[PDB]
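Participant: Encoded as structure tokens, here's the structure I'll be asking about.
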Amino acid sequence: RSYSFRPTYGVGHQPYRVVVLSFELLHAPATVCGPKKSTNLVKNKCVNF
Amino acid sequence: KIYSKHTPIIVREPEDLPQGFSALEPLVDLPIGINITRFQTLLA
Amino acid sequence: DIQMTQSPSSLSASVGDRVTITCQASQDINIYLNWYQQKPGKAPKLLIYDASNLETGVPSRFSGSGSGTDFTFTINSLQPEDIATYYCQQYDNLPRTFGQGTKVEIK
Amino acid sequence: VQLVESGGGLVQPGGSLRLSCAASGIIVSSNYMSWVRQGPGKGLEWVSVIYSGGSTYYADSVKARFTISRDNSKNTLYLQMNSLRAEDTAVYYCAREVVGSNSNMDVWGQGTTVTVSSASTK
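Chains as they are written, first to last, in the numbering used here: chain R, -2 to 46; chain S, 96 to 139; chain Z, 73 to 179; chain Y, 4 to 125.
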């Protein structure tokens, strides 16, 4: 059967696009991770690198 | 892990290898996680 | 819980007259709002599907329009064989509930 | 395609049995069924719905009472209650889905208007 997406209907029947996010933790290839905290550069003094 | 090396101008006849020292360098590292027991090459 | 209320409940004096009966609801609902035609002593029966269709064998004078939580129906023909009661129900929503009841009768 | 009723008589409060309604060849396991109350002094009242996936949805005021059973070959749906509080002076009509999108398969069934009270048959 088919959805009805006519503009005459209010909240509850109008289309709400949804995307499902689910991860896997059975195999361990150590891939897919996000970057963070890429700061500036410091020279000619003490450095906590 | 796939490591590669190429040597040009092999003037020796293509038999029983030449003589020489040639180190190898890392080329491709892959996190695939499968099993390997045997392999077969490709000829065209 | 969904509460449906209707003003034209008992049209006892509506004989040979234009009928403008209707059903509403508290929460706004779509066209999925059907009706029950319950004869005395027998199960309720459907004449209109999705507040906009018609049953296969019925007189063609019946026409119901439902849009924006307002289902309006008419019976211009006051046949004696349809001495019954009319009910209003909404579906495709949790939970399914029925109306409080309306009376239709010809003197 | 019609419906078969199993019921009748008078019962005291606190007693429950298997209310039974069958079809005339319609699929019973792989179909949608609904139960409603027809009672004197009031309109029709929604009771329960059972889907072909084995999921039952019914009112929260009658929770922990309804036990439904769809037989594979006998084609007769059973329903069992518990701890009747004497408000069952009505009849359980069994029905199908009224319309999915556009369908005229709308055969219904009847039953016996049973009562639950302290006074027995006299």
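Beta carbons are placed, not taken as given, at the ideal position from N, Cα and C, and that holds for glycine.
Name the chain Z residues whose beta carbon is nearer than 8 Å to that of residue 5 of chain R?
Facilitator: What residue 5 of chain R touches in chain Z: 139, 140.
Participant: Let me know if residue 16 of chain R comes out buried or exposed under the rule of 16 or more other beta-carbons within 10 Å of its beta-carbon.
Facilitator: When all chains shown are included, residue 16 of chain R counts as exposed.
Participant: Hey, is the region 87 to 97 of chain Z in contact with the region 8 to 15 of chain Y, meaning 3+ C-beta pairs nearer than 8 Å?
Facilitator: They do not touch, by the three-pair rule.
Participant: For residue 37 of chain Y, is the classification buried or exposed, using 16 other Cβ atoms within 10 angstroms of its Cβ as the cut-off for buried?
Facilitator: When all chains shown are included, residue 37 of chain Y counts as buried.
Participant: Answer yes if the region 77 to 89 of chain Y comes into contact with the region 105 to 115 of chain Y, meaning at least three C-beta pairs across the two stretches below 8 Å, and no otherwise.
Facilitator: Touching, no.
Participant: Would you please verify whether the beta carbon of residue 73 of chain Z is less than 9 Å from any beta carbon of chain R?
Facilitator: Chain R contact via Cβ: absent.
Participant: Is there contact here, the region 68 to 83 of chain Y with the region 25 to 42 of chain Y, by at least three beta-carbon pairs under 8 Å?
Facilitator: These segments touch.
Participant: Which of the residues in the region 4 to 24 of chain R, read from start to end, lie with their CB under 9 Å from any CB of chain Z?
Facilitator: Those would be 5, 6, 7, 8, 9, 10, in chain order.
Participant: Are residue 24 of chain Y and residue 7 of chain Y closer than 9 Å when you measure CB to CB?
Facilitator: Yes, Cβ-Cβ distance for residue 24 of chain Y and residue 7 of chain Y is below 9 Å.
Participant: With a threshold of 9 Å between beta-carbons, can residue 116 of chain Z be considered close to chain Y, or not?
Facilitator: Output row for residue 116 of chain Z: interface = yes.
Participant: Starting from the Cα of residue 22 of chain Y, find the closest Cα among Y/83, Y/104, Y/113, Y/99 and give me that residue.
Facilitator: Checking every option, the nearest Cα to that of residue 22 of chain Y belongs to Y/83.
Participant: Could you check whether the Cβ of residue 136 of chain Z sits closer than 9 Å to any Cβ belonging to chain Y?
Facilitator: Cβ-Cβ to chain Y under 9 Å: no for residue 136 of chain Z.
Participant: Would you call the CB atoms of residue 41 of chain Y and residue 122 of chain Y closer than 9 Å?
Facilitator: Contact: no.
Participant: Is the beta carbon of residue 160 of chain Z closer than 9 Å to that of residue 104 of chain Z?
Facilitator: Going by C-beta atoms, residue 104 of chain Z is not nearer than 9 Å to residue 160 of chain Z.
Participant: Residue 153 of chain Z by DSSP, collapsed to three states: which one?
Facilitator: The answer is helix: DSSP assigns residue 153 of chain Z an H, G or I state.
Participant: What does a CB cutoff of less than 6 Å around residue 111 of chain Z pick up in its chain, not counting 5 residues either side in sequence?
Facilitator: These residues qualify, in order along the chain: 156.
Participant: Span of the beta strand (DSSP E) holding residue 78 of chain Y?
Facilitator: Residue 78 of chain Y -> no beta strand (DSSP E), and no H or E assigned at all.
Participant: Taking DSSP as the reference, what is the three-state secondary structure of residue 65 of chain Y?
Facilitator: If DSSP states are grouped into helix, strand and coil, residue 65 of chain Y belongs with the helices.
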